[PDB]
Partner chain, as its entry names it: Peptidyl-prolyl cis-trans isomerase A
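Listed next as structure tokens is one chain, alone, in the form deposited without its partner chain.
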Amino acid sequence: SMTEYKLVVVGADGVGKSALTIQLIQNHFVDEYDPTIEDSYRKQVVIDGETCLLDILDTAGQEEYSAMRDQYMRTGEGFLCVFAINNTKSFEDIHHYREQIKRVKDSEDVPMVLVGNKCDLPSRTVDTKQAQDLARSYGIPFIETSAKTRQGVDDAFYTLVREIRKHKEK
């Protein structure tokens, strides 16, 4: 039978959270002038022989009240914490996202993957070693992705599913 995994994608505005989610779900690359409106998306996919239903919240509108977001924070099982490899501030923001997740879940062992997106770009300002060190300090995996080329996209979300399975019976 199907197993449901509730996933939440968080990170600074403009890092490519909608692009990653839409790449995964709809298999095309978005490049929109307009800022993302928060929404959730479902994907059915076989991961390691298990038929999975991924219920994914692409967070956005980060200053505003969202009933749906509150519910995903309550029930969400794993988090993608996304920065952009050409934006040092988005990387510096990761700690605040991680600390918020830890506070709201009241736990240090929440399934999480650190994602460095936009890895297709020639304008890197965050070294892979800095990101690996941060992820090691949190005890979580680090993966680079490009929503533009699809590099690493499936890997990031499937790794998160595998992290959830490592933490709890599914």
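Under this definition, the rigid core comprises the largest set of C-alpha atoms superposing within 1.5 Å between the forms. Numbering follows the first chain given and starts at 1.
Keep in mind the form deposited with its partner chain bound is missing from the figure; the text below concerns it.
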- Message: For a quick check, can you give me the residues of 6-36 that have a heavy atom within 4.5 Å of its partner chain in the deposited complex?
- Response: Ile25, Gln26, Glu32, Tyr33, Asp34, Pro35
- Item | C-alpha displacement of 2 Å or more between this form and the one not shown on the rigid core, among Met68, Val104, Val30, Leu121 | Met68
- Item | Distance direction in the deposited complex for the C-alpha atoms of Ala67 and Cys52, relative to the displayed form (3 angstroms or more) | farther
- Task: Looking in the deposited complex, decide if the C-alpha atoms of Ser66 and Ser40 are closer or farther than in the form shown; they differ by 3 Å or more.
- Result: farther
